[PDB]
Every structure is written in structure tokens, then in C-alpha cells.
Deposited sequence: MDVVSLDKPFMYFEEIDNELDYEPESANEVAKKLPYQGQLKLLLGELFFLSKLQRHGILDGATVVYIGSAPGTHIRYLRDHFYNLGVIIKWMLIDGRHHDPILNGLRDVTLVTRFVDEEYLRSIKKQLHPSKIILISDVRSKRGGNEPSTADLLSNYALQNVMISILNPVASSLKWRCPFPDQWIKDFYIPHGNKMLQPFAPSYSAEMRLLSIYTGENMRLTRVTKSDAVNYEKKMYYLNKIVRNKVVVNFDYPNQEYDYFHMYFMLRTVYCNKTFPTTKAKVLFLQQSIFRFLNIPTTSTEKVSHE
């Protein structure tokens, strides 16, 4: 068994302290071990991001514009959690595909069947006005050309919508498929427990102060670094059994999940963080129909 003792898990990309040459043979390996793992992956990250905004007092009264939201099964859980906490939020879910019918019939959630373009962002900006906007993007076209195009659209989401905060899907193009340098919004690169086995994807979390928009250039050398740091995390770290983690499941991803869930606010009071987390996890798994 691959056992180890850890203080805390890597919460962000910059914390990863080692790298490994990527082995293309990893791509043939089992990418997922849990049913609805993709919904779980998104639920934990967005729960984490949104609880943070709540902590900063910027969630209550906002309209969350989630683009690339379908099917969005896990969004129903997120919606219930804050709604039950008393936070007032309006949800605007836009995608060209159809959403899970569990999202229907809620006065606080508007579902829109539209693939967004810059022109549309403008009309929704005019229509949402003057509400404060929190952007969550998970759009998907893939080629580096597809990626660049997605990232370019995500930056236009921010410039037109002018949100108070944002969570953007982020995976650096692979160096062996580099095309050209580009810019992405400055933010914290949140690492995702339950991501596919060899995924190099993370979520870029940003909070916009003032009327400024800070960007950061991404080069091929950055791409090489992303690849190696993520490969190390995937191949070595995520394969660890944190034996000093006294919890029903000691696998790295559960240890990592624990740290995200501990930042989540509940109505029910617990004697320990362990008890809150076990509760949130149970609740989450029951909702997604995960054993």
C-alpha cells in the first residue's frame, strides 16, 4: 500500500513542490473511479469558491451567471445549500444544451438555452443591470486552438459582465501543442480533488477590486511547468494513502476534499470539524447518488 503522513494537502497550484516528466502512457489509464465523479468535482470546487465569497460578504444579493452549466445536476445542491442558509442569490444558467429538470420550477434560478457570444453577453449585462455579478464558467469546445478560443471568450465574459468575482475553467495547453502565448485573468489556481486521474485542469478563482483587471501572460515554458507539476501531483501525490488522516477514507482526494469542506458554512452546529465534514460529504454523496 502507498502510505504517507501529510500536514495539509496542496490546495493551489503554486503549492505543488515537485515535478515529473509526463509519461504519455498515463493517458491510457483509468481516468475515473466514481460514478458522477465529474459532478462531484465541480460541486466541491464551486462550493469552496462560493463559501469564500460568502466569507468576504460578496455573495448575498449577487446574481451568479454560470455559462456552460448544462446538465448542471450538482448546481441544484449548491443552490439549495445557500438558499437554506438564508443567503439571497439569483442563478442564471446559460448553455446551448439542456439542463437537468431538477433545476426547473425554482423562482431563483433562470435557465437559458443559448450558446453565448460577445453580443449576447452585452444584452445580458444590460438586462442584469444593476445587479452584482459572480461569473462561473465551465464552457467546453480539445485542440490548443479550441482552448485558446475558450479562454479568449472567458476573458470577454469578464470584460463585458464586469463581475465582482469569477471561477474559470483552466487547463494550460500542452507544450508539445503550443501555438502562441496568451493572457488569463490573475487568480488563485484552485486544485480539484476527484478530477480525472491525469487531468491537468484547475479552477482560476478571482475577486475584482476597483475598476482594474489584471492579466498574466502564459508561455510555453509555463506550459512545461504546468505539465510537470500536474503530472507529479497526479502520478505520485493523489496516489497516496494519508495514514495520519483519521477519517473513514484516507485516500489523498478525501484528505483534500476534507480541507475544502471544512471552509463550508452549515446551519447545524457540530462538536468538531470532522463531524461537519463527514456530514457535508455524506450529504453530497447521497445527493449525487454516489455510494
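When the deposited sequence is numbered from 1, the segments without any C-alpha atom are 142-147, 298-307.
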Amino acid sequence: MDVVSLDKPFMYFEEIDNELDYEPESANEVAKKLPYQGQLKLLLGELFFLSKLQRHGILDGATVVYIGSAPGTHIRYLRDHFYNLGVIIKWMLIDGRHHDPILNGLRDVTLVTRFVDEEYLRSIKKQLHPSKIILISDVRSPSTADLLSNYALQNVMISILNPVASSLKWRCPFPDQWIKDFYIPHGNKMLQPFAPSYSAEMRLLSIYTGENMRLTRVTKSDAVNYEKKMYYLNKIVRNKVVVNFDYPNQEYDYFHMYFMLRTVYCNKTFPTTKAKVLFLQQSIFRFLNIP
From here on, numbers count along this sequence of modelled residues.
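In this text, the rigid core denotes the largest set of C-alpha atoms whose superposition between the two forms falls within 1.5 Å.
Take 208-216 and 172-180, fit the other structures onto the shown form by the rigid core, and average the C-alpha distances in 4 other deposited structures of this protein: the farther stretch is 208-216.
Stretches compared: 163-171, 204-212. Higher mean C-alpha B-factor in the entry: 204-212. Judged by mean Cα B factor in the deposited record, 24-32 ranks above the other of 59-67 and 24-32. Each of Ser197, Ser143, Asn188, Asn104 has a CA temperature factor in the record; the biggest one is found at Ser143. Highest C-alpha temperature factor among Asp100, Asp80, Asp138, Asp181 per the entry: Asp181.
Sort the modelled residues of the chain by CA B factor and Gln37 lands in the lowest third.
Per the PDB record, residue ranking by Cα B-factor puts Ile158 in the middle third of the chain.
The entry lists a Cα temperature factor for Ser149 that places it in the middle third of the chain's modelled residues. The entry lists a Cα temperature factor for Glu227 that places it in the middle third of the chain's modelled residues. Among all modelled residues in its chain, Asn234 ranks in the lowest third by Cα B-factor.
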